[PDB]
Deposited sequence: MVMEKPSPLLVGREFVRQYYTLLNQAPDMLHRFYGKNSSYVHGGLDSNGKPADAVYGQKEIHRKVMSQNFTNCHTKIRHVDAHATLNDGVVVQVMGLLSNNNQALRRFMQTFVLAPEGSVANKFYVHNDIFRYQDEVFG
């Protein structure tokens, strides 16, 4: 009675980068109040702030290359997703990245998730 975590992750990642490229300003409508967002720079928290952060980064004509994506079940019908790839902006240099997300039942509508955590880091910023 249970979607495939693995599948559920690729679907999410697909939705994520389409939307990050199409309209990155309802992007915050993926997260609830108690979410976490990053992209050394501290994470920011909840909708209004995650939304505000997304704006601050002028995401424009945003291209991706998802080179890898694991996902598993985690505590309480959650789903965690590792994702490694290349991301561009203002059609500039593609930079490697390493990403972790937690998806967790939204709970009102069944089999609908929300992003409790979205940790993203460029290898060139850390390595």
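Counting from residue 1 of the deposited sequence, where are the gaps with no C-alpha coordinates?
According to the record, the gaps fall at 1-3, 43-50, 139.
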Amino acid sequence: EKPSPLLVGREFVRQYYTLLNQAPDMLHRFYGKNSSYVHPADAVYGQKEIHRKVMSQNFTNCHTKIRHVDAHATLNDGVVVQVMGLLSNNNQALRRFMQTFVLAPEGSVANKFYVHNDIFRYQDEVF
From here on, numbers count along this sequence of modelled residues.
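Decide, for the other PDB entries of this protein that were compared, whether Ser108 is missing from at least a third of their models.
Other entries vs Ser108: at least a third skip it.
Please compare 97-105 with 22-30 and name the stretch with the higher mean C-alpha B-factor in the deposited structure.
Taking the mean C-alpha B-factor of 97-105 and of 22-30, the larger value falls to 22-30.
Determine, for stretches 77-85 and 60-68, which one has the higher mean CA B-factor as deposited.
Result of the comparison: 60-68.
Can you pull the Cα B-factors for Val13, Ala110, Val115, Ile119 from the entry and say which is highest?
That would be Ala110, according to the entry.
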